[PDB]
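Below, chain A is the first sequence line, B the second, and so on; all start at residue 1.
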Amino acid sequence: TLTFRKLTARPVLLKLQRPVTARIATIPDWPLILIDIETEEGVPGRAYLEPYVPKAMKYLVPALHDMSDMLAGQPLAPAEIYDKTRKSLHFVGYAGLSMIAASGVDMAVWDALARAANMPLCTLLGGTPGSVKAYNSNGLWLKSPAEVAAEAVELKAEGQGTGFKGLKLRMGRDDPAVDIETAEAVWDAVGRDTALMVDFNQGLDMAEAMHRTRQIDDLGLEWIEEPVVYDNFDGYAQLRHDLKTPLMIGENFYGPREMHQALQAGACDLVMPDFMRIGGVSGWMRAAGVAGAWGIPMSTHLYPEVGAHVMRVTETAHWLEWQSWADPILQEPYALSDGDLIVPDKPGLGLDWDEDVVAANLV
Amino acid sequence: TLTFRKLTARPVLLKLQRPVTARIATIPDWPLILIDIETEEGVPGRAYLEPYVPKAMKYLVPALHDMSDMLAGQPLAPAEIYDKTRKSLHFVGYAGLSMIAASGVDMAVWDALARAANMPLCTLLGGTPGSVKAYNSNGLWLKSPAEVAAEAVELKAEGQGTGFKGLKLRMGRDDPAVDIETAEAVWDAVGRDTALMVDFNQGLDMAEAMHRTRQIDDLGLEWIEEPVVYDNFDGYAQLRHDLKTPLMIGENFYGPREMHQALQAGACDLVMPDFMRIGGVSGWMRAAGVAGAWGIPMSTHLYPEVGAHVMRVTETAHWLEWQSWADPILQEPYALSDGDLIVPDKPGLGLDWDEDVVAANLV
Amino acid sequence: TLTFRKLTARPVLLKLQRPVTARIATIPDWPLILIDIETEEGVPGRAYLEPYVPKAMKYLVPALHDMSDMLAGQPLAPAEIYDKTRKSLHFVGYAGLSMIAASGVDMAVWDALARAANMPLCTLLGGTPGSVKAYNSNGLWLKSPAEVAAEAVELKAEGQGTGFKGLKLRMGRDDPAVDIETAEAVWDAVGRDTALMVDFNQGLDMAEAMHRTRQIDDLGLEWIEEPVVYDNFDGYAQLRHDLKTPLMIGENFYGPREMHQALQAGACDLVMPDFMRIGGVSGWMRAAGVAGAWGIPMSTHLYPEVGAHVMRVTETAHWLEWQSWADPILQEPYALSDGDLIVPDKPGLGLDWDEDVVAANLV
Amino acid sequence: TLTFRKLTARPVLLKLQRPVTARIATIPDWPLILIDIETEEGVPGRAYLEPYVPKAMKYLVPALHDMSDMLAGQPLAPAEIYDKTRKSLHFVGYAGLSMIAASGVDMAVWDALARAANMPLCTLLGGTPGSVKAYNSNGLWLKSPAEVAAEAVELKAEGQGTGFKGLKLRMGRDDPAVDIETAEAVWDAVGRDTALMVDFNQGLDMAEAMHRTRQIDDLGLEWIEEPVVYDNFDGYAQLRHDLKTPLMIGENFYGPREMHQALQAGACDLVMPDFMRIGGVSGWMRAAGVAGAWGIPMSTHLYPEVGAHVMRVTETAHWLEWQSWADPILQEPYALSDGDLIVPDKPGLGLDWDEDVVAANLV
Amino acid sequence: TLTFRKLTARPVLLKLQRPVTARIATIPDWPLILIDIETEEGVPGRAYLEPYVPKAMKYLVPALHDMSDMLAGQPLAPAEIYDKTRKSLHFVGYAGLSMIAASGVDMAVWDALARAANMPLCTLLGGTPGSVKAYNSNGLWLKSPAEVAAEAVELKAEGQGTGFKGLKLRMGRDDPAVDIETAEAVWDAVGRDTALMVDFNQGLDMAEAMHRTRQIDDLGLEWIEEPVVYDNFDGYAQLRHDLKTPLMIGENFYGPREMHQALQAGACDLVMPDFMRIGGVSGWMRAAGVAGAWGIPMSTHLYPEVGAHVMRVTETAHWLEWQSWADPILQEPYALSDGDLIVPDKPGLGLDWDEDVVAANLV
Ligand SMILES: [Cl-]
Ligand SMILES: [Cl-]
Ligand SMILES: [Mg+2]
Ligand SMILES: [Mg+2]
Ligand SMILES: [Mg+2]
Ligand SMILES: [Mg+2]
Ligand SMILES: [Mg+2]
Ligand SMILES: [Mg+2]
Ligand SMILES: [Mg+2]
Ligand SMILES: [Mg+2]
Ligand SMILES: [Mg+2]
Ligand SMILES: [Mg+2]
Ligand code: NI
Ligand code: NI
């Protein structure tokens, strides 16, 4: 047997190696909530959240400790717990901060059940450890073309061996021609065999989206990601239709049902759920089922360690989004080989906290 | 009157003249199940199955002999038999192996019925013997461009006289540019007036299909065949809308109803039913009713002899798929003239086994 | 071989045993065109048309003789002939009188082909002679409840043995209350386990149809047939939705494609093609593929002899519509046994003209 | 008051100045049926049918005279007579030869009604005589590119003055490249100012239609007309969507409801009802209500005189189709000026027969 | 020849025999605008408008007169006039007051055109004078049941002979249950053979409409008219779906295109255009072509005289709405016989102003 004892959630703030350079402002900081579960039987559980907004950690940590109090003494069973955490907060929404806290609990609980089985997570879910093809989203923010191009060479090599086969390139400069120029410069530096995933981060309104995505539709991008506000399914459907290049969304899906509603609306060619919004491992697995049936290629967003684990059992696995923003809190991040992330043969997610860096960065 | 006595199914394995060089592996062997029907009145029936997977014959031969036992003494009437054979295995599915056994019975009993009428099959079905425009699918597997271009010269010539007006060219190499290079080499060699039908054999996921089919959309191909796994109708609907070049599927339709559902789902521009999957002659004639109503051009897959006969009475007959992989077990294969297959003036399908090649290759 | 020599069309006009009593008038005469085909090899073909409008025989007999001149010396191949005949009249329409001529030729040609094979038509089409469940449409025209009920007793009795399991009851009286009263009086006389198929013969506009079909929706009818004008598909779709009782149409389908269109539009729950409009045996078999794919129960209209043959090989065979209106000119009408029509074991349709009744009624 | 007495239909076979050179054969002859109405009040009605196939006049004349007998003594009211002609043959189809007969009657009767009112037909319908822009469909059949280019010059000039602003060009040659060459050669000769309306005459199957219409989609055609068989609404919907050039159909619409169904199916961008199929003037004015509500531009097919009249009152009037195949039997064909056809200030249609030519070409 | 000289429009305010007794207030005044046309050739035109709102006549009279000035000297051609009037006010909307002015001109102009041809309007339109089934909308306002039942006996007798076969019963009392009692009381007094058309006059919101139309759906009403505000097509679609009783709208359609949109939206089972809103005779005729293609039973609203003329040529004519509100200003209104309005054998609408009643009620 396996019984939930308590959950501890510790907020930390990390200084990015390469700060987010958007048009609106520059963001140098990256918040993380570290989550440790204890069971009566002495099996630990470890995972983390990346909630983007440092301030919101002040709402999430309390919400996590409330969930811990609620769940104390009950079976550590991810699916049961997933149902209790959501119901507890249905009155203030299944989407949003409610889901975010519930997902954090979920990943840590799955990690604990896997350790209890003495299995890597992916093995518990019915696969095995192995490689997962990945792309580098460490940077390529809205700097100058020559700066971005030089960074692109570094980001590629971060993949080891032959390098990453893809890079995420951000767009949304005041002047569209520079975005193209930046894309053209990057390919000149790293070679055209490299896949470029472009991301607008919801920066455009529909009119801007139409003109701008059309300008880049014949560039040969791997995909065009979230050009408008994430819940505009009417707009996405129009864009998907006009665009030949694959249209990518999903990082803002709050649960499998929302994915299912996006697909019924014909809103996208590709999807990439985020682990804290989709409902953790449980939400992902259900979402993989939906994506599986529609046959839509499915990628990840953030959480490279959990992502690599579930991608090993995801029917339509497409790309794993890789970045090292969370690396400092880990004793050993997963190894890279030829741009492929390697799931290590360790129980659960195989995460161990670097407590020095944690203490040096606690809030 | 005409009465079913028994049915014999004999498994053979032929050495292909040109090995199937796919991406995963090279396949040198081609399995065939020879079917001989006996009636109480002495009228024989002869047809064959081409089930691809040699191990599968050990599931199909037993299934055929069980059908033989069940049919013994009953009237040799294809439409009644098609009903009893399907009904007997409905619990283990109408589609797949069940259908395949029922389709082999069906082709052979229609052979017997046409013999009993002393009519060629096409004539019993309401047409007459004649020629059917064909294309050559003997090869053009995944070898080098210069090697495929040379092989193409030979394949066109197998058509006799002015040769085949079309060739099937397989695509799916690791590097998409080499697929294109191969098409260009082939067209240089045999001339651009030669139609090229491109087949990916379900080897791509959706994202790969979107990119690769787009790259070849302006080449001038006759059609693009099964880019993705065959039951992904949502994906096919998408590909077909985006591609200007006709999208072709159908070889994995299990029955007319499945064809009808694919057309309702807007999955394809063209269809090419396979005789062992569609329900033999009975299935084909029904799918032809469906295709005729929609106005969808209908082509064949494998079984060039049965194909030529039914194509003579198919309202939307398009292209016949010709290969000579099964020729060795026949005393006389159908003649070719300028790329048309000639249906001979013989009762039934006019097959007589070469019992030397059979014994030389029996399993 | 088998070669078309000539075709002769003789118009005859018969006094109906039970005259058509509608609201507009009383139609007492039934026209038939008797078709005889000769081949160079001495095989005959015989079939007939029931074109409803006596004077229309002056358009069809010439049309049929014109087709005989065109076909002269060509192979007697039904599928090919069906192409040729329909093609020769395409400027004056595929639907309507053109189709009626082609249909007559088609049925007779199929009869000849089957004779050539020494097989009953149904056997040639892949089935066997046997029984086909029928219902009686000889009468139950718009008379008084008392009269209709007493006639219903005789009508059930024409079935032999336990009698017809179904009767066609015509409706469309000035006072709908009397239609209902009539239906009730019939069930009172022949018993409630007798299926009543109600036919309105296109007598109503949509508002009347909405009112009257609703009034009878709960009587327990077998079906409701053509309440409005036959090409009002928008209307039929509305009626079909509002009514729970099955809605029946199709006797005015000109070809399999038109059936396809009615089904896409959602116009009906059941279909009943007429052989002179659907395209004869060739048209029926195509439409049977379409109906089979959709799963729509398929019934016949007129031509009980051809009807019984093709229903033996029609996948979704429902009811055969039986009447004795053309019996007079046949030497041996098909036998009836417990309301089933018995397809006799004779070549083709096994029709032989009763020349005494022909001369007596020739036009 | 105005009373129908009798109707006379005279079959006539003319020789075309420029013979129809198609792919399959060459038709030099053009059948006509001159129709004459007599009224008890001494007012005549004159109109003609152009039924394409000479042999079909054998069916129509008997049908026309059968309608005379039926209408004799009844009020000469076009709408009432339209109702009564259709209903009399509904059993042998609303479409096809029956509609053709009714339309001929309908045109003569509308002509009589306009004469009785002493107004040109267009004036009776609420308009006034005037010019109607036309295009020349006299030829450009399937001849040598140079032969067609030369003819195109003569054709523009038949329009008088600055000439016809549009020409019908027939496509469908064995080699599609020569179709295009012909377009380019016709333009070289008459200037790119000239609109080209391409017509395939239903000569293609769907696969041919897809390839070929795509090849000509960037040529700058005014429209592409009936590429495939006229009732294939599913195929037309696909072509319309794939093609940017407008897709024209409708010359084979039998009645206003059929146009309505085509538009619901998304079958076309432009329509061009033919007066013998659409139901004469009654049918046209109803069709114009439909096209007017959809906003679909409506053009005509054959019958330049009736055509010019109704176009004057057609809300979405587009192009008139002009040809002079019927000219010989008219004393005074309508005047041409700078491409526009001039509706004269004569009562009715203003037709008078040249009884010399009639007698010379009677049957 | 026929030329427009001037149009005079005279406001008159009558006092209804039976005052309008709605839920909100009682309305005893009925405004009419009388319209007279002068042609250069001395042919007159007479028709009237019923704008409901007395003060509106001050917007319309200046609008009609402004139209007179612009039309001065141009040909009196309804179709052409219909286009010029509508065009001149397109900047201030095609629907609404613009249309109402244009419709008044259109009816008066068609009257003149018919007079100039010495024909009744219906004869000019292809019909003949005759009877048209009518229903009585003179009263049955929101009084008590026994009062309404009493008035009903009176209203039915106004139809002469066997009486009106239909009555319009208004609903929308504060208390629904009394609406129901009123229907029964009317039926208890005039017999259940009499059709009741129920009109709510847009008086409900959707919740009330759902509840109240449902409560009366089993009463046996001829139809249910306009329960909610007239432009709520979403709501009507729902109501029409839920209600088995036919749902009637249309009196508020501004033009044939609006009817087309309503049908496309599935908004109703029946339509009843109003002549000032639909576009007079021109708009009606076009709308009749639309309605005719759909098979929608079409009825009239107000203007019994113009209505009876067009109903004689309306393919799906259903019910004529008859009331005697405008009678006082006519010398000889149309006769009734057994509930059928009689179109008299007189040129145009046969309207002549009783000028003493006009002088007596002028504004
Ligand atoms: Cl789903
Ligand atoms: Cl279908
Ligand atoms: Mg992103
Ligand atoms: Mg797209
Ligand atoms: Mg294939
Ligand atoms: Mg496509
Ligand atoms: Mg019937
Ligand atoms: Mg239903
Ligand atoms: Mg044409
Ligand atoms: Mg288009
Ligand atoms: Mg009202
Ligand atoms: Mg309803
Ligand atoms: Ni599109
Ligand atoms: Ni429903």
Open item on the list: Walk me through whether C:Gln264 and B:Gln264 qualify under side-chain contact (heavy atoms from CB on, under 4.5 Å).
Closed with: CA-CA 9 Å; C:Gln264 291 182 289; B:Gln264 282 179 316; over 6 Å; no

Task: Check: B:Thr123 side chain, B:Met119 main-chain N or O, donor-acceptor pair, under 3.5 Å - done: no

Task: Exam field: side chain B:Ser88 to backbone B:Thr85, donor-acceptor pair closer than 3.5 Å - done: yes

- [ ] Compare every heavy atom of C:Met298 with every heavy atom of C:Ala291, then report the nearest pair and how far apart it is.
- [x] CB-SD, 3.9 Å

Open item on the list: Testing the basics here: between B:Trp322 and B:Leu341, what is the closest heavy-atom pair and its distance to 0.1 Å?
Closed with: CD1-CD1, 3.8 Å

- [ ] Measure the shortest side-chain to side-chain distance between C:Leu49 and C:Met107 over non-hydrogen atoms and say whether it is less than 4.5 angstrom.
- [x] yes

Open item on the list: I'd like to check B:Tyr334 versus B:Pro344 (side-chain heavy atoms, cut-off strictly below 4.5 Å). Are they in contact?
Closed with: yes

Task: C:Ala108 versus C:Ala47, closest heavy-atom pair with distance - done: N-CB, 3.6 Å

Task: 4.5 Å side-chain heavy-atom contact, B:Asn252 and B:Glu226 - done: yes

Open item on the list: If we count only N and O atoms by modelled type, under 3.5 Å, do the side chains of B:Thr3 and B:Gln74 hold a donor and an acceptor together?
Closed with: no

- [ ] Any chance you could measure B:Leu330, atom CG, to B:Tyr48, atom OH, to the nearest 0.5 Å?
- [x] 6.0 Å

Task: Non-hydrogen side-chain atoms of B:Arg5 and B:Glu40 separated by less than 4.5 Å - done: yes

Open item on the list: If I take atom OG from residue B:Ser137 and atom CG from residue B:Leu320, how far apart are they, to the nearest 0.5 angstrom?
Closed with: 9.0 Å

Task: Side-chain donor/acceptor of B:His65 to backbone N/O of B:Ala9, under 3.5 Å - done: yes

- [ ] For the pair B:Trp30 and B:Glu50, evaluate side chain to side chain donor-acceptor pair (under 3.5 Å) and give the outcome as yes or no after the intermediate values.
- [x] CA-CA 8 Å; B:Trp30 190 239; B:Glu50 293 177 286; 3.0 Å; yes

Open item on the list: Using a 3.5 Å distance criterion without hydrogens, assess whether the side chain of B:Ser103 forms a donor-acceptor pair with backbone atoms of B:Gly279.
Closed with: yes

- [ ] Indicate yes or no for a side-chain donor-acceptor contact from B:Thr314 to the backbone of B:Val310 under 3.5 Å, with no hydrogens or angles considered.
- [x] yes

Open item on the list: For the backbone of C:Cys122 and the side chain of C:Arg312, can you confirm whether one donor and one acceptor N or O come within less than 3.5 Å of each other?
Closed with: no

Task: B:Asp340 CG to B:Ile342 CD1 distance, which is reported to the nearest 0.5 Å - done: 5.5 Å

Task: Any side-chain heavy-atom pair of B:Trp284 and B:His309 under 4.5 Å - done: no

Task: Gap between atom OG1 of C:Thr39 and atom CG of C:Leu76 - 0.5 Å precision - done: 7.0 Å

Open item on the list: Is the shortest side-chain heavy-atom distance between C:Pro304 and C:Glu321 below 4.5 Å?
Closed with: no

Open item on the list: Could you report the tightest heavy-atom contact between B:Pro11 and B:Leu362, atom names first, then the distance?
Closed with: O-CD1, 3.5 Å

Open item on the list: Set out, in order, the CA-CA distance, both residues' side-chain angles and the distance that settles salt bridge (charged side-chain N to carboxylate O under 4.0 Å, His left out) for C:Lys165 and C:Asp338, then state yes or no.
Closed with: CA-CA 8 Å; C:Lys165 290 166 169 77; C:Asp338 301 323; over 6 Å; no

- [ ] Give a yes or no on whether the backbone of B:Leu7 and the side-chain of B:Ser68 come within a donor-acceptor separation of less than 3.5 Å.
- [x] yes

Task: 4.5 Å side-chain heavy-atom contact, B:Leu34 and B:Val12 - done: yes

- [ ] Answer yes or no: is there a donor N or O on one side and an acceptor on the other, between the side chain of C:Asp106 and the main chain of C:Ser282, under 3.5 Å?
- [x] yes

Task: Residues B:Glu305, B:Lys346: salt bridge by 4.0 Å N-O rule - done: no

TODO: Using the test salt bridge (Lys or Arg N to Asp or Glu O under 4.0 Å), find all partners of B:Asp352 that sit at least two apart in sequence or belong to another chain.
DONE: B:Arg46

TODO: Check whether the ring centres of B:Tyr230 and B:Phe253 lie less than 6.0 Å apart, and answer yes or no.
DONE: no

Open item on the list: Checking B:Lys55 now: which residues fulfil salt bridge (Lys or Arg N to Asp or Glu O under 4.0 Å) with it, not counting sequence neighbours?
Closed with: none

- [ ] Please report the shortest heavy-atom distance between B:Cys268 and B:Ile249, naming the atom on each side.
- [x] CB-CG1, 3.7 Å

Task: Spacing of B:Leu121 atom CG and B:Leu125 atom CG [to the nearest 0.5 Å] - done: 4.5 Å

Show which side-chain atoms of residues 271-278 of chain B pair as donor or acceptor with protein atoms under 3.5 Å away, not counting sequence neighbours.
from, atom 1, to, atom 2, distance (Å)
B:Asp274, OD1, B:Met276, N, 2.9
B:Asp274, OD1, B:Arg277, N, 3.3
B:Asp274, OD2, B:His301, ND1, 2.6
B:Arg277, NE, B:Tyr254, OH, 3.3
B:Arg277, NH1, B:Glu251, O, 2.9

Open item on the list: Tell me if a side-chain donor or acceptor on B:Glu80 pairs with a main-chain N or O of C:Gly127 at a distance below 3.5 Å.
Closed with: no

Task: Gap between atom CD1 of B:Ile100 and atom OH of B:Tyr59 - 0.5 Å precision - done: 12.0 Å

Task: Any side-chain heavy-atom pair of B:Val105 and B:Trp110 under 4.5 Å - done: no

TODO: Identify the two heavy atoms, one from C:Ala293 and one from B:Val290, that lie closest to each other, and give their separation to 0.1 Å.
DONE: CB-CG2, 3.8 Å

Open item on the list: So for atom CD, which belongs to C:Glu332, do other residues, nucleotides or ligands contribute more than 12 heavy atoms lying within a distance under 6.0 Å?
Closed with: no

- [ ] Report the C-alpha distance between B:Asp111 and B:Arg115 in whole Å, list the side-chain angles of each, state the deciding distance to 0.1 Å, and finish with yes or no for salt bridge (charged side-chain N to carboxylate O under 4.0 Å, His left out).
- [x] CA-CA 6 Å; B:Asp111 183 63; B:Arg115 286 175 189 277; 2.8 Å; yes

Task: B:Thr300-B:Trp319 side chain donor-acceptor pair, cut-off 3.5 Å - done: no

- [ ] For the pair B:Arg86 (side chain) and B:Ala102 (backbone), establish whether a donor and an acceptor sit closer than 3.5 Å, ignoring hydrogens and angles.
- [x] no

